[PDB]
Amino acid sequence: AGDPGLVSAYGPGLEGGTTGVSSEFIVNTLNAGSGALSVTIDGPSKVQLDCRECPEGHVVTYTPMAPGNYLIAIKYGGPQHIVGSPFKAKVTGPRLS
């Protein structure tokens, strides 16, 4: 159901961020056929996730609220991870509550 091997992802949000500030990355599926994109983010806080589909691709925004390591799993057209997933993002700053 589409080819996860043809999905690329890039941007600052894949590597890091700071608490209470939004991070962004882009997932490009344009040559990967038609399939469902899955993005999950797991770590020391539950993040809010937005995706806006632009010409350059799926623009994903999230805001981490605690410092530490977040795992960003990106799968396409089934259970398979795209190349580089799960990405580990390191977030710094105060734990916000």
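One-based numbering along the sequence shown.
Annotation for residue 43: C-alpha temperature factor in the middle third relative to the rest of the modelled chain, per the entry. Among the modelled residues of its chain, residue 78 has a C-alpha B-factor that falls in the highest third, as given in the PDB entry. Annotation for residue 49: CA B-factor lies in the middle third of the chain's modelled residues. Among all modelled residues in its chain, residue 17 ranks in the middle third by Cα B-factor.
Per-chain ranking of the deposited C-alpha B factor places residue 61 in the lowest third.
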